[PDB]
Amino acid sequence: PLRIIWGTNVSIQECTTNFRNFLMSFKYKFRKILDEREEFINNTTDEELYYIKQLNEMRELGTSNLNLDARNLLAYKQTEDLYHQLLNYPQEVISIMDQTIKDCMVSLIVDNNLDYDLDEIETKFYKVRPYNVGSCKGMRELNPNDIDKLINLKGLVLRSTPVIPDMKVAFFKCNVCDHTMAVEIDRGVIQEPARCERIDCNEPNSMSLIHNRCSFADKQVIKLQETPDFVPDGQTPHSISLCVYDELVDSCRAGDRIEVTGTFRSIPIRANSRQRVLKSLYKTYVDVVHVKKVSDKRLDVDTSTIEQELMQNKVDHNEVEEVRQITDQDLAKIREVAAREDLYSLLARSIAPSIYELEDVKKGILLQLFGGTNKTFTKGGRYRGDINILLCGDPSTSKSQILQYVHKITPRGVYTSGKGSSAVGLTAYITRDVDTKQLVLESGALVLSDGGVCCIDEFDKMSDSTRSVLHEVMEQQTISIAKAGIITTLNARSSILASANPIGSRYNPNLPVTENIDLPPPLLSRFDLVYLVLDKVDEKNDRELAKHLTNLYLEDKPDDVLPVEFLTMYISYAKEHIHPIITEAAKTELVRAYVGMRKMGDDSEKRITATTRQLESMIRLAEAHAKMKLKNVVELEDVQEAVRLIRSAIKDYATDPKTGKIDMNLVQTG
Amino acid sequence: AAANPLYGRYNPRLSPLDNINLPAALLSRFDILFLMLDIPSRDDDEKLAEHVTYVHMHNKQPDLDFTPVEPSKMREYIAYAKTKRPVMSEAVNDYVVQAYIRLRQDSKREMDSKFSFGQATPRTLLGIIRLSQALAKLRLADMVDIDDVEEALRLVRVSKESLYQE
Amino acid sequence: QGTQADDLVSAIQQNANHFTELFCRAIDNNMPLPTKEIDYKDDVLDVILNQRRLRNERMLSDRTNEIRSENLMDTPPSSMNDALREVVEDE
Amino acid sequence: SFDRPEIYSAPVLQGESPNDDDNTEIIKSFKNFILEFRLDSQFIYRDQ
Ligand SMILES: Nc1ncnc2c1ncn2[C@@H]1O[C@H](COP(=O)(O)OP(=O)(O)OP(O)(O)=S)[C@@H](O)[C@H]1O
Ligand SMILES: [Mg+2]
Ligand SMILES: [Zn+2]
């Protein structure tokens with residue numbers, strides 16, 4: 001009748017037939033009608049055979065990994081049971097799926113009589129990587145009956161071990177007759193031959209294992225800090241160990257947010273090194289099957305920071321994607337949206353729809369997200385287009401909401417608070433690993449946020465010693481550590497977004513701007529944009545803000561703004577493909593603006609005088625504005641907009657040049 | 001949170017900002033701040049004295065015209081109230097907006113005077129909305145009424161201004 | 001009712017660790033058949049336990065079948081079946 | 001003050017193919033000889 005693997009409900013023949021029928025007959029319209037998306041169905045994408053075309057392009061590029069969405073299995077009628085079998089029994093079902101992929105690979109070239117050779121396909125090993133296997137349940141909510149099941153976990157990578165050689169074939173040689181054999185590992189156990197296999201030599205205990213002749217596989221252990229969707233009462237964040245093997249080794253860097261799907265494993269741990277006695281309480285971990293580093297809600301990583309990592313990814317053939325793919329239709333949409341005359345206001349308005357107005361603040365945040373162009377000298381110098389923003393403001397001005405939004409939108413930033421962080425915790429430290437009892441180096445908040453935005457709330461409350469770490473980060477985008485364990489230069493290419501209050505917790509018009517900000521000039525000069533966010537009471541402004549806040553609570557789930565997915569992919573495309581350059585007309589405008597504001601600083605501290613870092617900030621903001629409009633050159637109007645944003649951020653029009661005071665009524669428009 | 005003024009005893013000579021050693025950002029986070037003044041009087045102290053002596057003598061509460069709700073019964077009623085998810089309509093939103101505008105203008109007027117209790121912020125508006133939703137939750141209603149908003153407003157007003165005026 | 005019953009509550013109170021296993025034995029002795037049939041949405045532990053129960057039944061049936069195939073006496077049907085189940089559950 | 005851990009087994013899979021030199025197969029062949037041998041018309045060793 002029906003043959004079933006013991007301990008499962010899995011039939012090999014039934015699973016192969018169901019999965020092969022799924023591969024031959026699945027269309028994405030089934031996924032659309034599963035997700036109750038009928039109006040979004042289009043013929044040209046959905047009607048074509050999805051897994052057939054992925055198999056075809058997988059043959060054409062020579063790749064061996066297939067990414068399988070498990071939700072698609074639940075979409076198809078015949079493979080509804082196969083979805084539950086894949087979740088419950090991944091070890092057998094995944095092997096069955098690999099065999100079925102290889103069968104479809106040979107069948108596609110035999111059936112269509114293609115010129116591809118069968119021997120080259122047969123020698124390759126094909127493996128499938130399932131993902132989106134279910135909801136990201138809490139890791140601590142899993143039970144022992146969930147062992148050896150497929151799970152999803154969202155997490156932040158803290159650190160990874162070096163590559164570990166895991167023995168797969170053992171090489172033995174006879175000491176007397178130099179007779180060699182190779183034995184393949186079986187479930188973690190290698191059987192030493194007690195005697196020589198050759199008929200001539202039969203010396204007992206004569207086979208010695210040669211450690212360098214025998215073959216190994218790559219194994220890496222990564223500490224992942226889980227960020228589950230649901231957190232119960234009084235739960236603190238935890239770190240789990242996840243094991244990656246073979247091509248997935250070194251795919252994940254410290255400080256990036258990933259979707260891990262893998263099997264939930266448990267092993268007994270030896271109580272002592274010399275003893276073979278094991279502990280009854282098991283240690284749990286995840287054997288990783290697939291890693292997703294791309295989210296549609298947030299931006300992708302800056303590829304200028306991972307160029308060599310992309311090269312090593314191509315060498316290792318891991319086939320893990322750091323960046324989302326841009327199709328032709330959505331690229332055409334990007335080019336059409338970039339042609340809009342209201343592009344700046346549309347992009348800034350779509351930053352934080354929940355936050356009302358703060359137009360110039362949103363414009364500065366958008367320019368920080370875009371960034372200036374990155375210039376690397378052939379001699380060895382390096383310029384980074386990272387924009388640092390300070391938001392000094394009165395209470396209840398939604399700047400913490402702005403920092404929260406930026407923390408959600410960035411690929412790998414870190415959110416920190418004033419006096420909740422130390423100088424050591426920002427850069428790097430040494431911890432004792434639980435598994436190995438070894439001292440290991442672990443990155444601090446600034447190094448983890450490299451390639452992203454480090455948001456610092458309550459920046460006014462930070463200690464001066466903790467503040468003084470940020471100088472090298474803001475100016476050189478690096479930290480030069482000389483400590484007992486580490487003496488090296490670490491890249492921290494993190495744009496800093498800080499939020500702060502005045503001394504009296506509210507802005508005092510009697511005091512000048514510098515006293516209200518209360519930052520040392522070396523620190524405050526390194527900020528590209530300083531925003532004085534003020535609360536002016538008006539009839540129309542308060543009425544509009546109150547209406548905007550009350551429209552949120554009309555319904556349980558709450559102009560025209562771009563969607564967050566299109567916003568993220570547009571900023572991603574502009575950062576990846578646009579590297580604007582300064583022209584002569586921009587150069588003369590930059591020089592004239594810097595000279596003019598230096599002349600304004602000549603008048604009699606009370607005021608923030610112009611300094612060369614403001615010229616650098618003008619260059620960076622002009623490059624960011626040019627990158628926004630997809631232009632490959634920085635011309636005069638980009639520099640004018642950068643200068644205008646710098647003037648409006650500090651409210652230089654409102655303040656009096658001589659006194660340095662700000663009067664609320666006579667110029668300010670809320 | 002429970003606190004004392006800066007001098008330990010409240011004095012009417014100083015501003016209520018002055019003798020409250022609390023920054024404006026931390027002040028704005030508190031949805032309700034109750035000034036609780038110990039003002040001696042012949043009639044109000046006698047009621048307190050008879051209440052406390054009755055509690056010390058019969059080990060229980062004086063007034064026999066009402067029965068206190070047991071803490072477990074209160075806990076389950078509050079749990080059923082917390083299950084509710086009220087929403088606001090157009091009329092209560094308009095009334096809340098007008099109240100917030102009046103509060104902001106009144107605070108701007110009081111800023112120069114000693115009567116000031118701070119500056120009204122959007123956090124004050126959100127606290128009013130939050131209190132109205134809590135009062136709607138107590139009535140186990142899926143909507144917020146005018147009367148709940150007025151009760152929230154009167155709680156906010158008698159929290160600080162009313163006792164300091166007396 | 002008037003019938004004599006041991007103090008089970010007190011005996012459980014003094015020696016509960018034994019009575020856990022006694023209650024488990026009593027429950028396993030009188031376990032109703034499942035009205036539902038096992039599908040692919042059941043737990044892995046449930047299908048493992050179902051396969052173990054089916055295996056136990058199959059070994060019992062195979063043992064009694066081959067012992068009947070022996071016919072080692074060529075000889076009371078019900079007493080024969082009682083001795084048969086006695087030897088099969090012991091082997 | 002706990003009791004012994006207990007060790008027990010149950011046959012599940014077929015295992016490796018039987019070998020003639022294995023003790024269990026020799027015992028099975030001896031058992032078959034005892035049960036099934038016929039001298040003239042009788043099971044002489046079974047009856048004995
Ligand atoms: N301009 C605004 N747009 C939208 N919502 C706002 C605005 N200003 C205040 N709010 C609301 O008021 C709340 C107050 O929180 P925040 O303004 O983020 O606090 P804050 O601005 O960081 O000021 P602090 O904490 O005293 S430094 C926000 O969560 C919003 O719900
Ligand atoms: Mg804040
Ligand atoms: Zn040898």
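Just so it is clear: chains get the letters A, B, ... in the order the sequence lines come, proteins before strands, and each one is counted from 1.
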Residues in side-chain contact (heavy atoms from CB on, under 4.5 Å) contact with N65(C), at least two apart in sequence or another chain |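 Checked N65(C) against side-chain contact (heavy atoms from CB on, under 4.5 Å); matches are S61(C), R68(C).
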
By side-chain contact (heavy atoms from CB on, under 4.5 Å), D148(A) pairs with (sequence neighbours left out) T263(A), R265(A)

- Item | Residues of residues 2-20 of chain A within contact distance of chain C, non-hydrogen under 4.5 Å |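 Those residues of residues 2-20 of chain A which have a heavy atom under 4.5 Å from chain C are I4(A), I5(A), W6(A), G7(A), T8(A), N9(A).
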
For chain C, which residues of residues 80-108 of chain A have heavy atoms nearer than 4.5 angstrom: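 So the qualifying residues are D81(A), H84(A), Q85(A), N88(A), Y89(A).
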
Heavy-atom count around [X] [atom1] within 6.0 Å, excluding the residue itself: above 12?
X	atom1	answer
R140(A)	CZ	yes
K127(A)	NZ	yes
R270(A)	CZ	yes
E91(C)	CD	yes
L8(C)	CG	yes
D233(A)	CG	no
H238(A)	NE2	yes

Exercise for the section: Against chain A, label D42(C) side chain, backbone, both or neither, depending on which of its atoms sit under 4.5 Å from a heavy atom there. Expected result: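 Only the backbone of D42(C) comes within 4.5 Å of chain A.
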
| message | Counting only non-hydrogen atoms closer than 4.5 Å, does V44(C) touch chain A with its backbone (N, CA, C, O), its side chain (CB onward), both, or neither? | response |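 The answer is both parts of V44(C).
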
**Report entry** Distance (rounded to the nearest 0.5 Å) between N143(A) CG and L45(C) CG
**Finding:**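 So the CG of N143(A) and the CG of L45(C) are separated by 11.0 Å.
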
